[PDB]
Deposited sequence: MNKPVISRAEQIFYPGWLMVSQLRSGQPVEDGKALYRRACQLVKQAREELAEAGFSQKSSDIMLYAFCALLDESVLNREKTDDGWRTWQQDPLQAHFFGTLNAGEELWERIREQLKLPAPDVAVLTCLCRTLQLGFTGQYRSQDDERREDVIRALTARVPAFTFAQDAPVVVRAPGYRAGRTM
């Protein structure tokens, strides 16, 4: 849905700016704005008629997206207690969000709005820590998720000349 994208757009733009190495001063001031944005999104999703189930997955992916873009930045408030710990009680969102994307793909008709947010989460730079004790890889999960949403697709950059370790 678009009403869902409307709710996350300010936050999505904020993560996109943080990802582009924008000056951030202050750190604790950013965590507070982050918190208010998550709370604003929660109240708005509920007002828009979205179920707790769908609101919680959308907000989880966003918390995991925002936490990752702050921690992989060149504070210690998030390092100490991130949004995934503050709002969800986990420090393993990098791993369990991938687990959460896969169980959404196992559903015959998952909420299009949820799938949109999960695509937006990956588009803005979410990597996490993917694990799967089986034949499934990220590349395959991305393609499968991409295939079920018309608004999104996948694109690969051409290979680049890289130095070769096993040298010198």
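**Student:** Where does the model skip over parts of the deposited sequence?
**Tutor:** Holes in the chain trace, numbered from 1: 1-5, 80-84, 179-183.
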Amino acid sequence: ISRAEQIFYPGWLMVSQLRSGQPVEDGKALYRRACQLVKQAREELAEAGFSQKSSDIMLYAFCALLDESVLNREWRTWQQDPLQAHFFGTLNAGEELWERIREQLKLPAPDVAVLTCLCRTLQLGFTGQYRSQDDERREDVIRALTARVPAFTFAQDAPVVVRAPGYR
From here on, numbers count along this sequence of modelled residues.
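**Student:** Quick one: say whether 118-126 or 132-140 has the higher mean Cα B-factor in the deposited entry.
**Tutor:** The recorded data point to 132-140.
**Student:** If you average the CA temperature factors as listed in the entry, which stretch comes out higher, 25-33 or 54-62?
**Tutor:** The entry gives the higher C-alpha B-factor average to 25-33.
**Student:** Considering only modelled residues of the same chain, in which third does the CA B-factor of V161 rank: lowest, middle or highest?
**Tutor:** Ranked within chain, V161 CA B lands in the middle tercile.
**Student:** Determine, from the deposited record, the chain-internal third of the Cα B-factor for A48: lowest, middle or highest.
**Tutor:** Its C-alpha B-factor belongs to the highest third of this chain's values.
**Student:** Can you tell me which third, lowest, middle or highest, the CA B-factor of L83 falls into for its chain?
**Tutor:** For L83, whose C-alpha B-factor we compare with every modelled residue in the chain, the answer is the middle third.
**Student:** Would the CA B-factor of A93 place it in the lowest, middle or highest third of its chain?
**Tutor:** Answer is middle: the recorded C-alpha B-factor places it there.
**Student:** By the recorded C-alpha temperature factor, relative to the other modelled residues in its chain, which third is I1 in?
**Tutor:** As the PDB entry reports it, the C-alpha B-factor of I1 lands in the highest third of its chain.
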